[PDB]
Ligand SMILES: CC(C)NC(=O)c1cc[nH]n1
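This document opens with one chain alone, in structure tokens, the form solved without the ligand.
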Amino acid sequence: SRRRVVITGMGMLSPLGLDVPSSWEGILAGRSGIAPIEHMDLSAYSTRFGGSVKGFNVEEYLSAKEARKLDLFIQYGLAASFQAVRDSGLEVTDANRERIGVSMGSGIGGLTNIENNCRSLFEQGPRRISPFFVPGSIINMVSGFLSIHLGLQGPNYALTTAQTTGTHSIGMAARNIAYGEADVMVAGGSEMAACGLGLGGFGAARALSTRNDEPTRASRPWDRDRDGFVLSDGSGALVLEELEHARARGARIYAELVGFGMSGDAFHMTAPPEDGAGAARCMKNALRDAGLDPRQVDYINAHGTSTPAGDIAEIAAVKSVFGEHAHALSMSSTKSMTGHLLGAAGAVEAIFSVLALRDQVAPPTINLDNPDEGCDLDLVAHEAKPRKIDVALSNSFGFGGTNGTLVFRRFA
């Protein structure tokens, strides 16, 4: 019978900071982490900026010897996972190791590593392919390398549901705990798709902002002048814990995870439907799961990708789910500042939602100068809004029309 799941630990790499509090500081100040990309030459690309992780030192977590074998996406997952576990103060013993698992997801996984090894194969032949290519690049190795390093013998898996990976990864880890399969899960995602194939691939789709000359203003969710999403890199991890297990060890509890919703648009491979019908079905699943009256929802951390079609469909989905109460809650897209971390977006945004609850403040949607046709909600334009937040909601929407919703609330 269903058990309660709380957040005891969190960890992060974002374009705004090398940890949770440095990133959060940035969210509330309305700072941008978007800048021209330097690790490669992008003069042949229509988009030349992104949300880079700045000054990451992997040797704060791992040996240079192991780091050399692993794609940045894994290094980012491990970094945030280590932060989360440390921040929970949990000690892994023989008594508990079978009851602690991990679910860290990614959309694309180790694409830099695959690109480079493709370069070696086409330039020099198959004998130049790294022996570490596969285990150093595949999406499930954040879960595997984390389990090897900490000795987690619990459920060990990884989702790839594109831009919804983070939300789904957290939600299903919660179901693991709630229904007895584990007492603790390390959950979230990591992405690093800032290579030629990513910026080029999203380029060819015409899916990205091309505001090369003002990169900090490019991601402008619900603004009339938005021209696509901003590609960003990073990681989010949370320690999810069964409540009594958290109590029994005097764990500091940030919030409760009360509800998780999934739905498929069954509409289009890449475009969300204009109405947000699938997003609406997903949010309703989440509220029912949480046993809530929708008027209890105080903050929504929107997906808010800064795409024409994506942003407007959220507004419809929300108005549709929350009727007149749509006008009373506060909804923001932190992707105004971080950009879109793809498979990591749901993970870092889950953490912002939990810190919104702890600090009783809605983060801003920056660059929202001229809200677009029908974008007439409290979108927290420009500046953080101190306010009462008892129940917070994090949405994610991805290619394949795959939707995920997380519901958190204050815990007493």
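Numbering starts at 1 and runs along the sequence shown.
Separately, the form deposited with the ligand bound exists; it is not shown, and the next lines address it.
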Task: in the bound PDB entry, the one of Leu240, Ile300, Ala279, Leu72 near the ligand [non-hydrogen atom within 4.5 angstroms] - done: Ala279
TODO: Report the residue, out of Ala246, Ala326, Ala313, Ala158, that has at least one non-hydrogen atom within 4.5 angstroms of the ligand in the bound PDB entry.
DONE: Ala313
Open item on the list: I'd like to check something about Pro272: if you look in the bound PDB entry, is any of its heavy atoms closer than or equal to 4.5 Å to a heavy atom of the ligand?
Closed with: yes
Open item on the list: How about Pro15 - does it come within 4.5 Å of the ligand in the bound PDB entry, if we only consider non-hydrogen atoms?
Closed with: no
